[PDB]
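*Asks:* Protein chains in written order, with the authors' numbering: chain A, 206 to 275; chain B, 206 to 274. We put the beta carbon where it would ideally sit given N, CA and C, even for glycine.
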Amino acid sequence: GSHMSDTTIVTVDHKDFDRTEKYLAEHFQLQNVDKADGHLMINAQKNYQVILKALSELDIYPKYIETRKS
Amino acid sequence: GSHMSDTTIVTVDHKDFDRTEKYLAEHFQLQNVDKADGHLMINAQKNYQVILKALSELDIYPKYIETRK
Numbered sequence: 206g207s208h209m210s211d212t213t214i215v216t217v218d219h220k221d222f223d224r225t226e227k228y229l230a231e232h233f234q235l236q237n238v239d240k241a242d243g244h245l246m247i248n249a250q251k252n253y254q255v256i257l258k259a260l261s262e263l264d265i266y267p268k269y270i271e272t273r274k275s
Numbered sequence: 206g207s208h209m210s211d212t213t214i215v216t217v218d219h220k221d222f223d224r225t226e227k228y229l230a231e232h233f234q235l236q237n238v239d240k241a242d243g244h245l246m247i248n249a250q251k252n253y254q255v256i257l258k259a260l261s262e263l264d265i266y267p268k269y270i271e272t273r274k
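1. So, are the CB atoms of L235(B) and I256(B) less than 9 Å apart?
2. Which residues of the region 246-260 of chain B have a Cβ closer than 7 Å to any Cβ of chain A? Give them in chain order.
3. What do you reckon, are the CB atoms on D218(A) and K274(A) nearer than 9 Å?
4. DSSP state of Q250(A), grouped into three classes?
5. So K274(A) is in the beta strand (DSSP E); what residue range does that whole segment cover?
6. Could you say if the region 258-269 of chain B and the region 256-268 of chain A meet the contact criterion of at least three C-beta pairs nearer than 8 Å?
7. Specify, as a first and last residue, the run of the beta strand (DSSP E) that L229(B) falls within.
8. Please tell me whether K268(A) has its Cβ less than 9 Å away from any Cβ of chain B.
9. Who are the Cβ neighbours of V238(A) in its own chain at under 7 Å, not counting the five residues just before and after it?
10. In its own chain, which residues sit with a C-beta less than 6 Å from the C-beta of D221(A), not counting the 5 before and 5 after it?
11. Cα separation between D223(B) and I270(A)?
12. Within the continuous beta strand (DSSP E) that includes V215(B), where are the two ends?
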């Protein structure tokens with residue numbers, strides 16, 4: 206069976222948060238949403254290219270992206 | 206003396222390795238590479254925006270980016 210022990214955390218500028226949340230809601234599963242600090246958590250991704258390219262199409266560039274144990 | 210304390214590692218598709226290496230080494234300090242697995246190691250960056258926007262202008266979208274000691 207599965208071992209879903211890791212999360213990917215995307216951090217964006219406040220002005221980009223709502224549109225980043227919309228993108229991740231439509232294409233991934235949001236586990237946590239912290240608008241106050243600019244963080245969005247999804248299931249752990251091994252390859253960031255899909256997300257980075259789609260955010261770039263929205264003119265959004267994360268301040269940070271990290272995968273770690275939840 | 207000084208030493209390297211921390212590194213930002215940018216990982217790209219093999220086809221993007223040379224152009225990424227040129228961009229990063231021109232605008233940041235290159236510390237090391239791993240060409241076999243498409244990694245470029247630069248002095249650590251607190252905010253990835255500038256690099257991710259500049260790479261997108263070159264039509265480069267990293268497979269991975271991380272910072273480590």
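*Replies:* Let me spell this out:
1. Their beta carbons are not under 9 Å apart, which means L235(B) does not touch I256(B) by this criterion.
2. Of all residues in the region 246-260 of chain B, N252, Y253, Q254, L257, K258 have a Cβ within less than 7 Å of some Cβ in chain A.
3. When the beta-carbon positions are compared, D218(A) and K274(A) stay at least 9 Å from each other.
4. Note: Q250(A) maps to coil in three-state DSSP.
5. If you look at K274(A), you'll find it in the beta strand (DSSP E) that goes 269-274.
6. The answer is yes - the region 256-268 of chain A touches the region 258-269 of chain B, with three or more Cβ pairs under 8 Å.
7. That residue, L229(B), is in no beta strand (DSSP E); its alpha helix (DSSP H) goes 222-232.
8. Chain B has a Cβ within less than 9 Å of the Cβ of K268(A).
9. So the qualifying residues of the chain are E226, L245.
10. Within the same chain, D221(A) has close Cβ partners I265.
11. Going from the Cα of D223(B) to the Cα of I270(A) covers about 23 Å.
12. That run of the beta strand (DSSP E) goes 212-216.
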